[PDB]
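To begin, one chain is listed below as C-alpha cells, in the form deposited in one PDB entry.
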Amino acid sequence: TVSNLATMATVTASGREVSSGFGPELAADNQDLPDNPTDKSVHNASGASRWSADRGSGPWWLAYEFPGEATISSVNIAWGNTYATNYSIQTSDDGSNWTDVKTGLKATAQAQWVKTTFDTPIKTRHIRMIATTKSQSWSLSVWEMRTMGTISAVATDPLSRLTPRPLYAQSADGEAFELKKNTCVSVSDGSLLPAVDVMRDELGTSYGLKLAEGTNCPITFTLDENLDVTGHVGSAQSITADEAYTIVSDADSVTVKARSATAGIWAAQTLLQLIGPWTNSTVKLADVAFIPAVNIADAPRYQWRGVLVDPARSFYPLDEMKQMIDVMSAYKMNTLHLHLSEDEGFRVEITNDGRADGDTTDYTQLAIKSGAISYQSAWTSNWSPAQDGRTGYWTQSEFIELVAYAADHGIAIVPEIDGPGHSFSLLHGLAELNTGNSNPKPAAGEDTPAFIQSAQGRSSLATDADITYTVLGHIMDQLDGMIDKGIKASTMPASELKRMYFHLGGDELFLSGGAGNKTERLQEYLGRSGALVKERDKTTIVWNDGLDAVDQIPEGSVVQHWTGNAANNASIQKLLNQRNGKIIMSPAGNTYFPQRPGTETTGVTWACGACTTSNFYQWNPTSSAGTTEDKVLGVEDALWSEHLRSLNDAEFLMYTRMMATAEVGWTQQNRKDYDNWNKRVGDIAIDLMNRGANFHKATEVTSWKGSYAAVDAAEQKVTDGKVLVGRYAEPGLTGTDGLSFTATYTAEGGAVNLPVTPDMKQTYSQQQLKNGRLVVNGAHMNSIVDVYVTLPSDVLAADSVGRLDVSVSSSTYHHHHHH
C-alpha cells in the first residue's frame, strides 16, 4: 500500500515567481487538478494549487525532504501551462548532494501527468525534480509532484561517518556537545595527553580550539586497564581488548574511557570523525564544532593493522612519512612496517656506537654508500617513471623523530632488514660483508660489488660467515636504541609502543638467478638470524617464501603471507599448527598498493588485473589464512616503491583502499558491509582534500560528494575589497564553471549582491604518460574551491552587525548557507 508522501515532506525549490502565492508547497498538497486546468483564469487564479518557479536561466528544481527514509515506487508530476521539456529525478541522503535516478524525462503538453516508475523502489530521505529546459519563457508550472511510497520514521544517524565501523554505536538523548575556544580536557594520566594533542593539532586551526589540559573539564579521558566492552562482543565476534575504548556524550559532557594510551588516540580519532570532515581545515571555519550525543563501545578485531612502506626503492623524507602516519592513525592503523633495506637502497644511518667486543666493522659506510643508490628507471622496459628512485636516508635524529611521531599517533615501528636475498644494499655498503658464500662478488681489486643491473635479484649475504650475524645484530641493536629514544620522546608507554617483533624478510632469494643452494642458504641464515631476534626478546617475522626455514626459525615465529593461497600452503599450516606460529595477512590481491586500483589506471596487473576497493574490502583474513582466529595477528597493506617517486603518487595508490584495509583490520566480520563502507568514502575524501592528501578517484565508489564550509572572514585578509568567506570541496572538478555561486550581505535594517570569485588552484587529473612512462605527480586531486566575495565600499569600511548568505548550485549539489 503506497501513498503520496508529498503531504509530509519539507518542500524547497530553486525559487518562486511571486512571494504571495504559487509556492512550492502547492505541488505537495495532494490536490487533483481543478476543472479546465489550462484556462488562464484557472491556471492563474491567485490561489491555484501549483508551484510557479523562479525565472532566469535555470535549472529549476523542487525538492522534498521526508521525515524518515521514504521507499518510493513512482513519481507522478502534473505539469502546468509551462512544462519541462527536459528534466531528471535525483535522490539525496544529506539534502545537498544529488544523484541521478531517472534522466531524459520530458513533458509534452500542458496539464499533463508524467509518471516515472522505479521497478525497484528506491530508499531515500530526499528527492527532487530538476528541469534544464521548459516549453515557454514563463515560470515553470507544477500542479502536483506526487512521490508514491512508504515511509520509515528513522532519524538521521549521527554516527554514519565512522570508519572503521565500531563494535557498538548508538545515538544518545539530547543536543550535541558544543566545543568552545576555552573548552578544556581532563586526563586521568599523562599518557593520554598525546590523544588530546591529536585533537588540538586539527581543531586549533579549523575551529580555533585551545583544548588545554585542565581540571574538572567537561571532556575527560580516563585510562582504565580493566575496561570491559565484552557486553557488546557476540558469540560470533572477537576483539583485542587492549585497544578498547568507550565514549558517552551529551550536551554537557564527553566521557572517554581507554584500556590503553593507544585506545585514547583511537577515541580521539573517533571524536574527530564525529565532529566531521572539515576538522583538518587549514583555515578557521565560521561554524562551531559539535560532538553529537552518543554511546560507543569499540575495540578492534585484529591486534596488527599495518602499512608496509618501502623507502628502500625510493626514499621518503621524514615530513612525507609524517603525512602517511597522520592518515594511518586517522583510520586506527597501529603498525608502520619499514622495509629499510633492498637490492637498491639502505635508508637509515647506522653508527659505530655500541658495537660488540671485537667488531671493528665501519657501519657509517652503509648509509653513505647505499643511501646514494636507488631503483634505476634504465633497468626497466615499461611504464615506470623516467626518474630513478629518490636517494637519501633518515639520519639517526630523523629516525628517532619518525619513531616519536608514529608513537604520538598510536603507531609502532616494525623494522625489516631483508635477507638473505634482497640484500645487495648491505653488500654494496659494507666491504666486511663481502666474504664466504656472499653473491655477487666485488670485481678484482674492489672491496664492494658494483651497483649494476646484473646484481639485481642475484644478491645473497654470506650465510656461512660470522660477520653477517655480527652486522645484523649491530643493526638490530641500533634500531632498538633509536626506537627506545623515539618512544621516550613521545611520552607513550614503551609497554604499548615498543613492538617486540623483528622482520628478517627471507623473500625471493635468487629470483633472477644467483649461486644456488637456495634452501640450504635460507635454513642456515634464518636459523642464525632468528636466534639474534630471540636473544633480543623478540618474535621473528618472515615472508611466506622463506618458510623453507620453518623448522630453523624459533618456535612461535610469524609468517607474513603475500604469495599464493595460505589455506593450502603446507609450510604455513606447519608453522601455525606444529610450531605455535601466527600469521600476518598481506595477500597481494587484497593488500598490495602497486596493484592498479582501476582498469583506467597504469600500474601492476598480475594479482587482480585491477585490485579495487572491492578486492581490498571483500575478504576475511582468518578464512583466507585457512586457520583459527587466535592464530591471525592481522593485516598489512604494502607500499612498494619500484615506481613511486613522490608522496602524491604514493597517496594515489594508498587511498582510499587503505581505509578498506583499516575496516578489515578493525571491524567485526559480521559488521562488514562493502556498500555501507562505499557510502562512507565521500566524506573520507573531503577530509583527505582538507589534509592535502592525494587519492585515486575510483569509478566503483558511488559516494563522491561536494561539501560547502563557511570560513571565519574575521580571520581572513581583505585585499581590494576581496575576502574568503567559504570553501567548496568536491573530488574530480576540472574547473568551477559547473558551479553557480551567489552571495548577499544584509546589515541589520538592510540584502545587497556580493560578486563571487570562485578560485581553485589546481584541477583534477588522472595519471599522465610521456613517452610511454608515467609522469611523476601526473595524477593529482583538484583543490578545495576558495569562495571569495568583493565587498562594496560601505561594507568594506563598516565596523563589527550583519548576515552573509552564500548559495552554491550545480546539477549534483545545492546548498544555501547563512551566518
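Throughout, we count residues from 1 along the sequence that is shown. Just so we're on the same page, rigid core means the largest C-alpha set that superposes within 1.5 Å between forms.
Beyond what is shown, the protein has a form deposited in another entry; the following relates to that form.
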Out of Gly514, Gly276, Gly598, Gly721, the residue that alone shifts its CA by 2 Å or more between the shown form and the other one when the rigid core is the reference: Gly514
Core-superposed C-alpha of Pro158 shifting 2 Å or more between the shown form and the other one: yes
Closer or farther: how do the CA atoms of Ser512 and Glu342 lie in the other entry, compared with the form shown, if the change is at least 3 Å? farther
Residue pair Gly514, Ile541 - Cα distance in the other entry, closer or farther (3 Å or more): farther
